[PDB]
Every structure is written in structure tokens, then in C-alpha cells.
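Undergrad: Enclosed is the structure file work.tsv (TSV, N, CA and C atoms).
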chain	number	residue	atom	x	y	z
A	1	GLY	N	0.86	-1.22	0.00
A	1	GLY	CA	0.00	0.00	0.00
A	1	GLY	C	0.88	1.25	0.00
A	2	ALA	N	1.49	1.56	-1.12
A	2	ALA	CA	2.37	2.77	-1.20
A	2	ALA	C	1.54	4.04	-1.06
A	3	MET	N	0.32	4.03	-1.54
A	3	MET	CA	-0.55	5.24	-1.44
A	3	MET	C	-1.52	5.09	-0.26
A	4	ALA	N	-1.73	6.15	0.48
A	4	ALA	CA	-2.66	6.08	1.65
A	4	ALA	C	-4.11	5.90	1.17
A	5	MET	N	-4.44	6.47	0.04
A	5	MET	CA	-5.83	6.35	-0.49
A	5	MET	C	-5.82	5.70	-1.88
A	6	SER	N	-6.88	5.02	-2.24
A	6	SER	CA	-6.95	4.37	-3.58
A	6	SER	C	-8.27	4.71	-4.26
A	7	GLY	N	-8.30	4.64	-5.58
A	7	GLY	CA	-9.55	4.97	-6.32
A	7	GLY	C	-9.91	3.82	-7.26
A	8	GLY	N	-8.94	3.32	-8.00
A	8	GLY	CA	-9.21	2.21	-8.96
A	8	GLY	C	-9.55	0.93	-8.18
A	9	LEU	N	-8.79	0.62	-7.16
A	9	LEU	CA	-9.06	-0.61	-6.36
A	9	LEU	C	-10.18	-0.35	-5.33
A	10	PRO	N	-11.31	-1.02	-5.48
A	10	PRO	CA	-12.43	-0.85	-4.52
A	10	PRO	C	-12.04	-1.40	-3.14
A	11	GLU	N	-12.38	-0.70	-2.09
A	11	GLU	CA	-12.06	-1.19	-0.71
A	11	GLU	C	-12.82	-2.49	-0.41
A	12	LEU	N	-12.13	-3.49	0.09
A	12	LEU	CA	-12.80	-4.80	0.38
A	12	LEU	C	-13.85	-4.65	1.48
A	13	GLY	N	-14.95	-5.35	1.36
A	13	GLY	CA	-16.00	-5.32	2.42
A	13	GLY	C	-16.91	-4.09	2.28
A	14	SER	N	-16.66	-3.22	1.32
A	14	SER	CA	-17.53	-2.01	1.15
A	14	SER	C	-18.96	-2.42	0.79
A	15	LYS	N	-19.94	-1.68	1.26
A	15	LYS	CA	-21.36	-1.98	0.89
A	15	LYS	C	-21.69	-1.38	-0.48
A	16	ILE	N	-22.16	-2.19	-1.40
A	16	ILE	CA	-22.48	-1.68	-2.77
A	16	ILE	C	-23.96	-1.92	-3.09
A	17	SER	N	-24.57	-0.99	-3.79
A	17	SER	CA	-25.97	-1.18	-4.26
A	17	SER	C	-25.96	-1.55	-5.74
A	18	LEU	N	-26.77	-2.50	-6.13
A	18	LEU	CA	-26.65	-3.08	-7.50
A	18	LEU	C	-28.03	-3.19	-8.15
A	19	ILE	N	-28.19	-2.66	-9.34
A	19	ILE	CA	-29.53	-2.69	-10.02
A	19	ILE	C	-29.50	-3.70	-11.18
A	20	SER	N	-30.32	-4.72	-11.09
A	20	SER	CA	-30.33	-5.79	-12.14
A	20	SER	C	-31.37	-5.49	-13.23
A	21	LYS	N	-31.19	-6.06	-14.41
A	21	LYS	CA	-32.03	-5.71	-15.61
A	21	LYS	C	-33.54	-5.83	-15.34
A	22	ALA	N	-33.93	-6.47	-14.26
A	22	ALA	CA	-35.39	-6.62	-13.96
A	22	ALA	C	-35.88	-5.44	-13.11
A	23	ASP	N	-35.16	-4.33	-13.12
A	23	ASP	CA	-35.50	-3.17	-12.22
A	23	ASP	C	-35.57	-3.65	-10.77
A	24	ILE	N	-34.74	-4.60	-10.42
A	24	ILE	CA	-34.71	-5.10	-9.01
A	24	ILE	C	-33.50	-4.51	-8.29
A	25	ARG	N	-33.65	-4.16	-7.04
A	25	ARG	CA	-32.50	-3.58	-6.29
A	25	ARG	C	-31.92	-4.62	-5.33
A	26	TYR	N	-30.67	-4.95	-5.51
A	26	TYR	CA	-29.97	-5.86	-4.55
A	26	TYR	C	-28.87	-5.09	-3.83
A	27	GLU	N	-28.57	-5.45	-2.62
A	27	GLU	CA	-27.43	-4.78	-1.90
A	27	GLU	C	-26.66	-5.82	-1.10
A	28	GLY	N	-25.35	-5.72	-1.07
A	28	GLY	CA	-24.54	-6.76	-0.37
A	28	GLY	C	-23.09	-6.31	-0.22
A	29	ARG	N	-22.30	-7.07	0.49
A	29	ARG	CA	-20.86	-6.70	0.68
A	29	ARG	C	-20.01	-7.20	-0.49
A	30	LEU	N	-19.10	-6.39	-0.97
A	30	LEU	CA	-18.17	-6.85	-2.06
A	30	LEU	C	-17.24	-7.95	-1.54
A	31	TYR	N	-17.33	-9.13	-2.11
A	31	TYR	CA	-16.45	-10.25	-1.66
A	31	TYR	C	-15.26	-10.42	-2.62
A	32	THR	N	-15.52	-10.49	-3.90
A	32	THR	CA	-14.42	-10.70	-4.89
A	32	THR	C	-14.82	-10.14	-6.26
A	33	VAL	N	-13.85	-9.82	-7.08
A	33	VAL	CA	-14.15	-9.25	-8.44
A	33	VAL	C	-13.16	-9.80	-9.48
A	34	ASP	N	-13.61	-9.99	-10.69
A	34	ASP	CA	-12.69	-10.47	-11.77
A	34	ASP	C	-12.80	-9.54	-12.99
A	35	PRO	N	-11.84	-8.65	-13.14
A	35	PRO	CA	-11.91	-7.62	-14.22
A	35	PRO	C	-11.92	-8.29	-15.60
A	36	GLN	N	-11.10	-9.29	-15.80
A	36	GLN	CA	-10.93	-9.87	-17.17
A	36	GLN	C	-12.08	-10.83	-17.49
A	37	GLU	N	-12.71	-11.38	-16.48
A	37	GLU	CA	-13.93	-12.22	-16.72
A	37	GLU	C	-15.20	-11.35	-16.75
A	38	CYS	N	-15.08	-10.04	-16.60
A	38	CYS	CA	-16.29	-9.14	-16.54
A	38	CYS	C	-17.33	-9.68	-15.54
A	39	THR	N	-16.88	-10.20	-14.42
A	39	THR	CA	-17.82	-10.85	-13.46
A	39	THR	C	-17.51	-10.42	-12.03
A	40	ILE	N	-18.48	-10.48	-11.16
A	40	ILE	CA	-18.23	-10.14	-9.72
A	40	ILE	C	-19.04	-11.08	-8.81
A	41	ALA	N	-18.67	-11.16	-7.56
A	41	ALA	CA	-19.45	-11.99	-6.59
A	41	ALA	C	-19.64	-11.22	-5.28
A	42	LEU	N	-20.86	-11.12	-4.82
A	42	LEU	CA	-21.13	-10.35	-3.57
A	42	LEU	C	-21.52	-11.31	-2.45
A	43	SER	N	-21.15	-11.01	-1.23
A	43	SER	CA	-21.46	-11.93	-0.10
A	43	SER	C	-22.37	-11.22	0.89
A	44	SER	N	-23.18	-11.96	1.62
A	44	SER	CA	-24.23	-11.34	2.49
A	44	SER	C	-24.99	-10.25	1.72
A	45	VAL	N	-25.98	-10.64	0.96
A	45	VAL	CA	-26.75	-9.66	0.14
A	45	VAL	C	-28.26	-9.94	0.28
A	46	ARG	N	-29.07	-8.92	0.17
A	46	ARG	CA	-30.55	-9.11	0.25
A	46	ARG	C	-31.25	-8.31	-0.86
A	47	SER	N	-32.41	-8.75	-1.28
A	47	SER	CA	-33.15	-8.00	-2.35
A	47	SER	C	-34.35	-7.27	-1.73
A	48	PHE	N	-34.60	-6.06	-2.16
A	48	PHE	CA	-35.67	-5.24	-1.51
A	48	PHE	C	-37.05	-5.59	-2.06
A	49	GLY	N	-37.15	-5.85	-3.34
A	49	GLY	CA	-38.46	-6.27	-3.92
A	49	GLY	C	-38.41	-6.22	-5.45
A	50	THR	N	-39.42	-6.74	-6.09
A	50	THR	CA	-39.54	-6.63	-7.58
A	50	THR	C	-40.81	-5.85	-7.98
A	51	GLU	N	-41.51	-5.29	-7.01
A	51	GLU	CA	-42.90	-4.76	-7.24
A	51	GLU	C	-43.00	-3.86	-8.48
A	52	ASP	N	-41.91	-3.23	-8.88
A	52	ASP	CA	-41.97	-2.32	-10.07
A	52	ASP	C	-42.30	-3.11	-11.35
A	53	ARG	N	-41.47	-4.06	-11.69
A	53	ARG	CA	-41.76	-4.93	-12.88
A	53	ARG	C	-42.49	-6.22	-12.47
A	54	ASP	N	-42.93	-6.32	-11.24
A	54	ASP	CA	-43.44	-7.63	-10.72
A	54	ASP	C	-44.63	-8.15	-11.55
A	55	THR	N	-45.07	-9.35	-11.26
A	55	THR	CA	-46.30	-9.89	-11.91
A	55	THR	C	-47.54	-9.29	-11.24
A	56	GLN	N	-48.69	-9.41	-11.87
A	56	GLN	CA	-49.93	-8.82	-11.28
A	56	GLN	C	-50.49	-9.70	-10.14
A	57	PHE	N	-49.80	-10.77	-9.79
A	57	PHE	CA	-50.18	-11.55	-8.58
A	57	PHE	C	-49.31	-11.12	-7.39
A	58	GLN	N	-49.80	-11.28	-6.19
A	58	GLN	CA	-49.04	-10.79	-4.99
A	58	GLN	C	-47.77	-11.60	-4.78
A	59	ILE	N	-46.67	-10.95	-4.47
A	59	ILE	CA	-45.40	-11.67	-4.18
A	59	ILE	C	-44.97	-11.41	-2.73
A	60	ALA	N	-44.54	-12.43	-2.04
A	60	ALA	CA	-44.14	-12.26	-0.61
A	60	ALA	C	-42.67	-11.79	-0.52
A	61	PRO	N	-42.38	-10.86	0.37
A	61	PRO	CA	-40.98	-10.38	0.54
A	61	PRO	C	-40.08	-11.53	1.03
A	62	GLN	N	-38.82	-11.50	0.66
A	62	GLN	CA	-37.88	-12.57	1.11
A	62	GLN	C	-37.10	-12.09	2.34
A	63	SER	N	-37.30	-12.73	3.47
A	63	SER	CA	-36.59	-12.32	4.72
A	63	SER	C	-35.21	-12.99	4.79
A	64	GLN	N	-35.10	-14.19	4.28
A	64	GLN	CA	-33.79	-14.93	4.35
A	64	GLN	C	-32.71	-14.18	3.57
A	65	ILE	N	-31.50	-14.17	4.08
A	65	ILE	CA	-30.38	-13.47	3.38
A	65	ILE	C	-29.57	-14.48	2.55
A	66	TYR	N	-29.04	-14.06	1.44
A	66	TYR	CA	-28.23	-14.99	0.59
A	66	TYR	C	-26.74	-14.86	0.94
A	67	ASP	N	-26.16	-15.91	1.47
A	67	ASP	CA	-24.69	-15.90	1.81
A	67	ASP	C	-23.84	-15.43	0.62
A	68	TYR	N	-24.15	-15.88	-0.57
A	68	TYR	CA	-23.29	-15.57	-1.75
A	68	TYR	C	-24.13	-15.59	-3.03
A	69	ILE	N	-24.03	-14.55	-3.83
A	69	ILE	CA	-24.68	-14.56	-5.18
A	69	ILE	C	-23.66	-14.16	-6.25
A	70	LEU	N	-23.54	-14.96	-7.29
A	70	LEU	CA	-22.62	-14.61	-8.42
A	70	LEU	C	-23.38	-13.81	-9.48
A	71	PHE	N	-22.77	-12.77	-10.00
A	71	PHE	CA	-23.48	-11.88	-10.97
A	71	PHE	C	-22.57	-11.53	-12.15
A	72	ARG	N	-23.06	-11.70	-13.36
A	72	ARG	CA	-22.28	-11.25	-14.55
A	72	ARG	C	-22.66	-9.81	-14.92
A	73	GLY	N	-21.72	-9.06	-15.45
A	73	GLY	CA	-22.01	-7.64	-15.85
A	73	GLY	C	-23.14	-7.60	-16.90
A	74	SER	N	-23.31	-8.66	-17.66
A	74	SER	CA	-24.36	-8.67	-18.73
A	74	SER	C	-25.77	-8.60	-18.12
A	75	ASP	N	-26.00	-9.29	-17.02
A	75	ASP	CA	-27.38	-9.35	-16.45
A	75	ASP	C	-27.68	-8.11	-15.61
A	76	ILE	N	-26.68	-7.56	-14.95
A	76	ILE	CA	-26.90	-6.31	-14.16
A	76	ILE	C	-26.36	-5.09	-14.92
A	77	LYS	N	-27.08	-4.00	-14.89
A	77	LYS	CA	-26.80	-2.87	-15.82
A	77	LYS	C	-26.13	-1.69	-15.09
A	78	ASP	N	-26.24	-1.60	-13.79
A	78	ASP	CA	-25.63	-0.43	-13.08
A	78	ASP	C	-25.22	-0.79	-11.65
A	79	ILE	N	-24.05	-0.36	-11.25
A	79	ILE	CA	-23.57	-0.60	-9.85
A	79	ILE	C	-22.99	0.70	-9.26
A	80	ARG	N	-23.21	0.94	-7.99
A	80	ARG	CA	-22.65	2.17	-7.35
A	80	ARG	C	-22.28	1.89	-5.89
A	81	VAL	N	-21.15	2.37	-5.45
A	81	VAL	CA	-20.72	2.15	-4.03
A	81	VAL	C	-21.29	3.26	-3.14
A	82	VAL	N	-21.66	2.93	-1.92
A	82	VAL	CA	-22.23	3.97	-1.00
A	82	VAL	C	-21.12	4.55	-0.13
A	83	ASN	N	-21.08	5.86	0.00
A	83	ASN	CA	-20.00	6.51	0.82
A	83	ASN	C	-20.58	7.04	2.13
A	84	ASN	N	-20.06	6.58	3.24
A	84	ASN	CA	-20.55	7.08	4.57
A	84	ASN	C	-19.43	7.81	5.30
A	85	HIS	N	-19.48	9.12	5.33
A	85	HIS	CA	-18.41	9.91	6.01
A	85	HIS	C	-19.02	11.04	6.84
A	86	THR	N	-18.22	11.72	7.62
A	86	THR	CA	-18.75	12.84	8.46
A	86	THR	C	-18.12	14.17	8.04
A	87	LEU	N	-18.72	15.27	8.42
A	87	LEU	CA	-18.17	16.61	8.03
A	87	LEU	C	-17.76	17.39	9.29
A	88	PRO	N	-16.97	18.44	9.09
A	88	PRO	CA	-16.52	19.27	10.24
A	88	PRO	C	-17.70	20.04	10.84
Here is a file; write its structure as C-alpha cells.
TA:
Amino acid sequence: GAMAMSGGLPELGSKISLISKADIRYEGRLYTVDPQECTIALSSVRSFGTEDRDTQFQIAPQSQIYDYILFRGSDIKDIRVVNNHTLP
């Protein structure tokens, strides 16, 4: 770690929010990433709901958390890291 701060390398364990092509919102901890495989894997992640594109029948929310979900860049269209800091 020659530099005190980094930008290209994402901090391990950071909480990231991820939007999949079904207009579904998933959130989980960054576990591992593969730049050349265009693929990523998140650990401890939960989904908030599908109600936007959902079916016209009622769907029950999922309370159970997923230990690990693998995701390809092709199926998910946008990812953003959340920044939590304080001000003077």
C-alpha cells in the first residue's frame, strides 16, 4: 500500500448497491471481483423487492439473506458504491 488512499481498487467489504435488468434492487458486501472475466461476486446480500416490474399476482418479501450470489455484468446494468463519512 504505497498510497494512503486508492480509487481504482475498490475497498474490500464495502457496501455496494446493484440494479439488475429486472429493475430489481440488490445490496450486499463486495467479496471478490474479476476484471478480465467481466464478473463479480457479492457476499451477504438481500433483495428489496420486484414490485416495479413484478407480476400482477401478490409476491411475498424474502426475509432470508443470501450468503453468496454470483453476478455477470451482462445481467446487471448499473452498480454504485455507497459513501458514509462525516463533516466538520
Undergrad: Excluding residue 68 (chain A) and residues on its chain fewer than 2 positions from it, collect all residues at most 7 Å away from it, counting all atoms listed in the file, and give them as a PDB file with N, CA and C atoms, in the coordinates of the input.
TA:
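Dumped everything to around_35.pdb:
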ATOM      1  N   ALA A  41     -18.670 -11.160  -7.560  1.00  0.00           N
ATOM      2  CA  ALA A  41     -19.450 -11.990  -6.590  1.00  0.00           C
ATOM      3  C   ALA A  41     -19.640 -11.220  -5.280  1.00  0.00           C
ATOM      4  N   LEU A  42     -20.860 -11.120  -4.820  1.00  0.00           N
ATOM      5  CA  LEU A  42     -21.130 -10.350  -3.570  1.00  0.00           C
ATOM      6  C   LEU A  42     -21.520 -11.310  -2.450  1.00  0.00           C
ATOM      7  N   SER A  43     -21.150 -11.010  -1.230  1.00  0.00           N
ATOM      8  CA  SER A  43     -21.460 -11.930  -0.100  1.00  0.00           C
ATOM      9  C   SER A  43     -22.370 -11.220   0.890  1.00  0.00           C
ATOM     10  N   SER A  44     -23.180 -11.960   1.620  1.00  0.00           N
ATOM     11  CA  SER A  44     -24.230 -11.340   2.490  1.00  0.00           C
ATOM     12  C   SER A  44     -24.990 -10.250   1.720  1.00  0.00           C
ATOM     13  N   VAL A  45     -25.980 -10.640   0.960  1.00  0.00           N
ATOM     14  CA  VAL A  45     -26.750  -9.660   0.140  1.00  0.00           C
ATOM     15  C   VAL A  45     -28.260  -9.940   0.280  1.00  0.00           C
ATOM     16  N   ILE A  65     -31.500 -14.170   4.080  1.00  0.00           N
ATOM     17  CA  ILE A  65     -30.380 -13.470   3.380  1.00  0.00           C
ATOM     18  C   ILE A  65     -29.570 -14.480   2.550  1.00  0.00           C
ATOM     19  N   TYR A  66     -29.040 -14.060   1.440  1.00  0.00           N
ATOM     20  CA  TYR A  66     -28.230 -14.990   0.590  1.00  0.00           C
ATOM     21  C   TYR A  66     -26.740 -14.860   0.940  1.00  0.00           C
ATOM     22  N   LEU A  70     -23.540 -14.960  -7.290  1.00  0.00           N
ATOM     23  CA  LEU A  70     -22.620 -14.610  -8.420  1.00  0.00           C
ATOM     24  C   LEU A  70     -23.380 -13.810  -9.480  1.00  0.00           C
TER      25      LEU A  70
END
Undergrad: Between A:11, A:87, A:48, A:6, single out the one closest to residue 30 (chain A), counting only C-alpha atoms.
TA: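 Nearest candidate to residue 30 (chain A) out of A:11, A:87, A:48, A:6: A:11.
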Undergrad: Report the residues of chain A whose backbone DSSP state falls under strand (DSSP E or B), written as a ChimeraX atom specification.
TA: /A:15-20,24-34,39-47,66-72,76-81
Undergrad: Could you jot down the CA of residue 55 (chain A) to CA of residue 24 (chain A) separation for me, Å, one decimal place?
TA: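 Value for the CA of residue 55 (chain A)-CA of residue 24 (chain A) distance: 12.9 Å.
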Undergrad: Find the residues near residue 73 (chain A): any atom within 6 Å, counting all atoms listed in the file, skip ones fewer than 5 places away on the same chain, and give them as a VMD selection string.
TA: chain A and resid 38 to 40
Undergrad: Please compute the atom C of residue 20 (chain A)-CA of residue 81 (chain A) distance, one decimal, in Å.
TA: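 We find that atom C of residue 20 (chain A) and CA of residue 81 (chain A) lie 16.0 Å from each other.
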Undergrad: So the first atom is CA of residue 67 (chain A) and the second is CA of residue 52 (chain A); what is the distance between them in Å, to one decimal place?
TA: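 For CA of residue 67 (chain A) relative to CA of residue 52 (chain A), the distance reads 25.0 Å.
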Undergrad: With distances taken over only C-alpha atoms, which residue among A:78, A:54, A:84, A:15 lies nearest residue 27 (chain A)?
TA: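 Closest to residue 27 (chain A) of all the choices is A:15.
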Undergrad: Counting only N, CA and C atoms, which of A:16, A:22, A:79, A:4 gets nearest to residue 50 (chain A)?
TA: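 Residue with the minimum atom-to-atom distance to residue 50 (chain A): A:22.
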Undergrad: Given the choices A:1, A:8, A:61, A:49, which gets closest to residue 26 (chain A) if the distance is worked out from all atoms listed in the file?
TA: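 Using all atoms listed in the file, the shortest distance to residue 26 (chain A) belongs to A:49.
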